Each structure stands twice: as structure tokens, then as C-alpha cells.
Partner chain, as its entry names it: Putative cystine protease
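Encoded as C-alpha cells, the following chain is the form deposited without the partner chain, with no partner shown.
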């Protein structure tokens, strides 16, 4: 039988969650351009909600140049039946990734996507085997 060490599986999720937040922010940066320029909040909300409803993100933030937050989706990590000792073994901090929302060559806004590491803890706990 073949296995993967917990340490290597953890390194995958650390890297995957970080790059997924960046890739998501970059694609939202292109997707939101026209709606941000024309101040179409409902269209911007649909694009963000489609991404945030995936469930992997702790926060998604859209703001114009000044820092004026236009859209803000947030969720907390919630209660867990995972033992705290195992949570302390695998946990790692969340990282926020950004991408500029452009209007041609001019800056128009920023979209920020933050990962939710606690989204993966339960799957690592249920699939863990000790040897």
C-alpha cells in the first residue's frame, strides 16, 4: 500500500490554498473591471458570490482606489469536532492575495481574496492514519 505523509499533504494544501486565492483574485480583477467602472454593484456581487459560495475563502473584498469597500463577503471558521491537539499539529495562518482592477492602463480598484485554512482541517483529520 502507498501513502503520503501528513507533512507532505499539509505542504500541498498550504501551497494550493495560497495560489488558489491568488488565481481567484487575478481572475476577479479582470472580471470586475467593466462593472466597477460603470458602478454596477449587483453584477459585481454576482461575480463575487459565485466565487465566495464555493466555501473555501474566509473573505473577499472589493474596493476602489481610496480603500472604499464596495463589496465585502466574510465567514468565520466555525466550531469543529476536531481535537485541539490535532488542530495545533496541522494549523497554519491565512494569507490574503490581491489583484488590481484595471481600466485599460489606469488603476480603478483592488480585489482581495483571503484563504480559509480551517476549511481543510476536518478532511485531514478524517483521513489521517498513524504509523
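Only the largest set of C-alpha atoms that superpose within 1.5 Å between the two forms is called the rigid core. Residue numbers count along the first chain shown, from 1.
As for the form solved in complex with the partner chain, it is not shown, yet the points below apply to it.
A.B. asks: Is it the case that residue 70, even though its partner is missing from this view, gets within 4.5 Å of the partner chain in the entry with it bound, heavy atoms only?
C.D. replies: Residue-level check for residue 70: no, no contact with the partner chain.
A.B. asks: Report whether the minimum heavy atom distance between residue 102 and the partner chain in the entry with it bound is within 4.5 Å.
C.D. replies: Close contact exists here: in the entry with it bound, residue 102 approaches the partner chain to within 4.5 Å, heavy atoms only.
A.B. asks: Heavy atoms within 4.5 Å of the partner chain in the entry with it bound: does residue 87 have any?
C.D. replies: Although the partner chain is absent here, residue 87 would stay clear of it in the entry with it bound, with no heavy atoms inside 4.5 Å.
A.B. asks: Answer yes if any heavy atom of residue 94 is within 4.5 Å of a heavy atom of the partner chain in the entry with it bound; otherwise answer no.
C.D. replies: Answer no; every heavy atom of residue 94 is more than 4.5 Å from the partner chain in the entry with it bound.
A.B. asks: Scan 98, 34, 95, 27 for the one whose CA shifts by 2 Å or more between the shown form and the other one after superposing the rigid core, and name it.
C.D. replies: The displaced C-alpha is that of 34.
A.B. asks: Closer or farther: the CA pair residue 76/residue 87 in the entry with it bound, versus this form, with a change of 3 Å or more?
C.D. replies: Farther is correct, given that in the entry with it bound the C-alpha spacing of residue 76 to residue 87 is increased by at least 3 Å.
A.B. asks: Pin down for me whether the residue 38-residue 97 Cα distance shrinks or grows in the entry with it bound relative to this form (closer or farther, change of 3 Å or more).
C.D. replies: So the answer is closer.
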